[PDB]
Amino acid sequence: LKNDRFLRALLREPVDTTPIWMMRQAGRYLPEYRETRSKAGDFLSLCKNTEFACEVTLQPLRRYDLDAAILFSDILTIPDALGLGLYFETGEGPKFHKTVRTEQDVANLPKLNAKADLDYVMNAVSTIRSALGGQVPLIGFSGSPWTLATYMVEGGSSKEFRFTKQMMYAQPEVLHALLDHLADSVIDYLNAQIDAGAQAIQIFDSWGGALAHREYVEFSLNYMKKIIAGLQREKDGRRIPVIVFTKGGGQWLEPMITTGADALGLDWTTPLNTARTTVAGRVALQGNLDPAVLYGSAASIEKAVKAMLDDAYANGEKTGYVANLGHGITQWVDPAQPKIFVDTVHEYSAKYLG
């Protein structure tokens, strides 16, 4: 690796400057993404299109001095591979032809053979890893068991999680069986991504923030802890750092540390300075800028990013922080603006580092 500052920061090793990458850094806000996307087919076939996947993964790296690439894929690969039939309904988002509702439904789920069933994901990982030429590390990822379960039980996107929470409170042993199946699936999936070339791992618990605080531990967190216990710790003489991210989970930092994750993701509602003092060097932190900050002027973005770094380094620490947004880049962002974000993070860091 010519550049490994991202990995060093996550592992709380000395770094020359603050690393940065951006969730959804490959996406519609880029004209070249849309142009590439138009040559492709249906929205479902994008992830299975290895050429497309590799191409759009590389595009933000050509524009911005990012310190990591992330696999272009979808968390919903796993429930599709488990046979629930993913499709997209314009314009209501992802849906499934089958839902999981009963004890027997859960028992009937097939075991995921990720290397075979999701071979197209592994081909993307390996192809991207080759294309990167060691320039920056590659992040592999999965949805969390709770977050994947919501799609499988609701049958798609959900604002209230009516059926999954009904299962949680009325049939908890059924939901636990589903979550356990998914934890094993995610272990297989992530380890296969590592085998294929992933150098860091992020678990996206996108809907864990919907849970009541005790239920977050029982029905989401404990299953992420199980996953991490099953992952390869190292590959090619290097630690593989793991990031856990539960958006809206800022009140639950202390439980999150018990997952054994190297790093925790934060959104904009969490003060970075108090999160840093609270975790006290026990884990690294990633985040946490509101993407809408990038709707402001160049000058305002610069000021906002400096303030965020001030919060990150107020406690005197010189590592353990990766700058990022608190959610994905929106499709409305002016492609000039993330450059301000990246360059300011790298340059202003000299105030605190070295």
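Note that residue numbering begins at 1 and tracks the sequence as displayed.
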Residue range whose averaged C-alpha B-factor is higher in the record, 160-168 or 203-211 = 160-168
query = Mean CA B-factor: is it higher for 144-152 or for 76-84?
reply = 76-84
ask   = Which of these has the highest Cα B-factor in the record: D42, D290, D311, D67?
value = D42
task = Report the third (lowest, middle or highest) to which the CA temperature factor of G237 belongs, ranking only the modelled residues of the same chain.
result = highest
task = Would you check the entry's CA temperature factor for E218 and let me know if it's in the chain's lowest, middle or highest third?
result = lowest
task = Sort the modelled residues of this chain by their C-alpha B factor and say whether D184 lands in the lowest, middle or highest third.
result = lowest
query = Split the chain's modelled residues into thirds by Cα B-factor; is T259 in the lowest, middle or highest one?
reply = middle
inquiry  = Using only modelled residues of the chain, where does the Cα B factor of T99 rank: lowest third, middle third or highest third?
reply    = middle
